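First the structure, in the form of structure tokens, and then the observations on it.
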Amino acid sequence: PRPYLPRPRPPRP
Amino acid sequence: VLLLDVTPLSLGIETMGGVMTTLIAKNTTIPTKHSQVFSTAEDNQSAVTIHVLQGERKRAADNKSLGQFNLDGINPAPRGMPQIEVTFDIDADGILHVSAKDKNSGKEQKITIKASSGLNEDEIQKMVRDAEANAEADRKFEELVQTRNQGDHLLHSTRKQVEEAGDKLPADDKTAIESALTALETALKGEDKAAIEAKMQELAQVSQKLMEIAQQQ
């Protein structure tokens, strides 16, 4: 049911 | 009354796949407060980013960013199971307070966004017209995103399952699985729903021995 949240961006590859 | 003090545009947060999810609708009278429970996008996700947005578009990228913060310490769980309650409260001064709280861990984080933030009067009118012009496209986008998100979930579960499988997984199968993961990745960046579903299928077709392995005790 609930909408999903993204994770924090990690360091740049 | 002939005058109402209102928030001029919808306010909400970015959710998986680049979608704005609204917490407070345009033209709501202030002061006002609303809460909605959200969850994690991926299995075992330990943190979430709350990206606060103002505007009427269903594509998050075309709304105005007001701020962002992170909430960490989310304990391991299958995606969708954690309960992260997000609250927007705009006070009588137009200051917007946004908080997020994880019900299991008890952890919470908040930001305060000052009243002058976001779009000015001219940009507000442009935004409303923009959304009117793009209403059908935005409908299609939300459809594309439900499929992208399934695509994204399959890619992650399959990679998890390949790691867990290790050398139990035959070499021919791992090669085929690898190729098909890369192909699904490429498709997910396009706007073609059928192409995504097609690569999902191609991945499943090479995944039988894997599914068997993941399935045993």
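Residues in the structure tokens are numbered from 1 in each chain, the chains being A, B, ... in the order shown, and ligands are numbered from 1 in the order shown.
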
Which residues of chain A come within 8 Å of chain B, and what is each one's closest atom pair and distance in Å (one decimal), counting only C-alpha atoms, sorted by chain and residue number, as a Markdown table?
| residue | atom | partner | partner_atom | distance |
| --- | --- | --- | --- | --- |
| A:2 | CA | B:38 | CA | 5.0 |
| A:3 | CA | B:38 | CA | 5.2 |
| A:4 | CA | B:41 | CA | 4.8 |
| A:5 | CA | B:15 | CA | 4.9 |
| A:6 | CA | B:48 | CA | 5.6 |
| A:7 | CA | B:48 | CA | 4.4 |
| A:8 | CA | B:49 | CA | 5.2 |

Taking 3 positions as the minimum chain separation for residues in the same chain, which residues sit within 7 Å of stretch 85-97 of chain B when counting only C-alpha atoms? Answer as a ChimeraX atom specification. /B:23,30-38,100-102,111-115

note - atom CA of residue B:172 and atom CA of residue B:208 are separated by 12.4 Å

As a PyMOL selection string, please: all residues of stretch 85-191 of chain B that backbone DSSP puts in strand (DSSP E or B). chain B and resi 85-90+96-102+108-113

Output C-alpha atoms for every residue in that selection, as a PDB file, in the first residue's frame.
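Below is the file that was written, out_13.pdb:
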ATOM      1  CA  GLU B  85       5.457   8.479   8.999  1.00  0.00           C
ATOM      2  CA  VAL B  86       6.024  11.784   7.229  1.00  0.00           C
ATOM      3  CA  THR B  87       4.199  14.868   8.508  1.00  0.00           C
ATOM      4  CA  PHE B  88       3.950  18.320   6.828  1.00  0.00           C
ATOM      5  CA  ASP B  89       2.688  21.121   9.098  1.00  0.00           C
ATOM      6  CA  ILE B  90       2.466  24.673   7.769  1.00  0.00           C
ATOM      7  CA  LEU B  96       6.712  24.477   6.719  1.00  0.00           C
ATOM      8  CA  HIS B  97       7.842  21.844   9.203  1.00  0.00           C
ATOM      9  CA  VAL B  98       8.546  18.430   7.782  1.00  0.00           C
ATOM     10  CA  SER B  99       9.342  15.411   9.959  1.00  0.00           C
ATOM     11  CA  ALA B 100       9.875  11.754   9.344  1.00  0.00           C
ATOM     12  CA  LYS B 101       9.584   9.069  12.033  1.00  0.00           C
ATOM     13  CA  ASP B 102      10.286   5.346  11.832  1.00  0.00           C
ATOM     14  CA  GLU B 108      13.026  10.851  13.795  1.00  0.00           C
ATOM     15  CA  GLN B 109      14.489  13.738  11.792  1.00  0.00           C
ATOM     16  CA  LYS B 110      12.980  17.032  10.755  1.00  0.00           C
ATOM     17  CA  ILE B 111      13.610  20.209   8.744  1.00  0.00           C
ATOM     18  CA  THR B 112      12.095  23.676   8.819  1.00  0.00           C
ATOM     19  CA  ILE B 113      11.515  25.456   5.461  1.00  0.00           C
TER      20      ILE B 113
END

Go through B:180, B:66, B:20, B:3 and flag the residue nearest residue B:198, using only C-alpha atoms for the distances.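 That would be B:180, the residue with the smallest distance to residue B:198.
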
Could you state the separation of atom CA of residue B:65 and atom CA of residue B:52 in Å, given to one decimal place?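 These two atoms are separated by 6.0 Å.
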
Would you please work out which residue, of B:161, B:169, B:177, B:182, is nearest to residue B:214 when using only C-alpha atoms?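 Closest to residue B:214 of all the choices is B:161.
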
Find the residues near residue B:11: any atom within 8 Å, counting only C-alpha atoms, skip ones fewer than 2 places away on the same chain, and give them as a PyMOL selection string. chain B and resi 9+13+22-26+52-55

I need the residues from that last selection saved to file as a PDB file, in the first residue's frame (with N, CA, C and O atoms), if you can.
ATOM      1  N   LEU B   9       0.570  26.007  -4.201  1.00  0.00           N
ATOM      2  CA  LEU B   9       0.902  24.810  -4.969  1.00  0.00           C
ATOM      3  C   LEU B   9       0.928  23.601  -4.010  1.00  0.00           C
ATOM      4  O   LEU B   9       1.112  23.725  -2.774  1.00  0.00           O
ATOM      5  N   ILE B  13       6.531  14.846  -1.382  1.00  0.00           N
ATOM      6  CA  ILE B  13       7.919  14.277  -1.342  1.00  0.00           C
ATOM      7  C   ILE B  13       8.139  13.382  -2.543  1.00  0.00           C
ATOM      8  O   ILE B  13       7.194  12.831  -3.152  1.00  0.00           O
ATOM      9  N   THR B  22       1.846  13.741  -3.128  1.00  0.00           N
ATOM     10  CA  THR B  22       1.440  14.989  -2.461  1.00  0.00           C
ATOM     11  C   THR B  22       0.977  14.705  -1.025  1.00  0.00           C
ATOM     12  O   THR B  22       0.268  13.700  -0.803  1.00  0.00           O
ATOM     13  N   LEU B  23       1.371  15.553  -0.082  1.00  0.00           N
ATOM     14  CA  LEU B  23       0.857  15.516   1.307  1.00  0.00           C
ATOM     15  C   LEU B  23      -0.134  16.669   1.522  1.00  0.00           C
ATOM     16  O   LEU B  23      -1.072  16.515   2.293  1.00  0.00           O
ATOM     17  N   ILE B  24       0.090  17.834   0.912  1.00  0.00           N
ATOM     18  CA  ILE B  24      -0.846  18.930   1.055  1.00  0.00           C
ATOM     19  C   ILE B  24      -1.217  19.433  -0.325  1.00  0.00           C
ATOM     20  O   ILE B  24      -0.326  19.869  -1.092  1.00  0.00           O
ATOM     21  N   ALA B  25      -2.518  19.419  -0.643  1.00  0.00           N
ATOM     22  CA  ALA B  25      -2.949  19.843  -2.010  1.00  0.00           C
ATOM     23  C   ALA B  25      -2.852  21.348  -2.242  1.00  0.00           C
ATOM     24  O   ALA B  25      -2.924  22.157  -1.263  1.00  0.00           O
ATOM     25  N   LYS B  26      -2.609  21.766  -3.495  1.00  0.00           N
ATOM     26  CA  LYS B  26      -2.694  23.194  -3.798  1.00  0.00           C
ATOM     27  C   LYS B  26      -3.994  23.825  -3.261  1.00  0.00           C
ATOM     28  O   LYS B  26      -5.034  23.154  -3.182  1.00  0.00           O
ATOM     29  N   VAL B  52      11.765  17.205  -0.308  1.00  0.00           N
ATOM     30  CA  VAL B  52      10.493  17.934  -0.204  1.00  0.00           C
ATOM     31  C   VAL B  52      10.344  18.734  -1.480  1.00  0.00           C
ATOM     32  O   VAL B  52      11.300  19.424  -1.887  1.00  0.00           O
ATOM     33  N   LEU B  53       9.150  18.707  -2.075  1.00  0.00           N
ATOM     34  CA  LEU B  53       8.894  19.321  -3.385  1.00  0.00           C
ATOM     35  C   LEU B  53       7.643  20.151  -3.386  1.00  0.00           C
ATOM     36  O   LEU B  53       6.684  19.869  -2.688  1.00  0.00           O
ATOM     37  N   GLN B  54       7.639  21.196  -4.192  1.00  0.00           N
ATOM     38  CA  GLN B  54       6.437  22.051  -4.356  1.00  0.00           C
ATOM     39  C   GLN B  54       6.094  22.003  -5.882  1.00  0.00           C
ATOM     40  O   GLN B  54       6.959  22.336  -6.733  1.00  0.00           O
ATOM     41  N   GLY B  55       4.833  21.773  -6.180  1.00  0.00           N
ATOM     42  CA  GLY B  55       4.324  21.800  -7.591  1.00  0.00           C
ATOM     43  C   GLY B  55       3.310  20.758  -7.909  1.00  0.00           C
ATOM     44  O   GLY B  55       2.910  19.916  -7.067  1.00  0.00           O
TER      45      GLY B  55
END

Could you write out, as a ChimeraX atom specification, all the residues of stretch 45-139 of chain B that DSSP marks as alpha helix (DSSP H)? /B:121-133,135-139
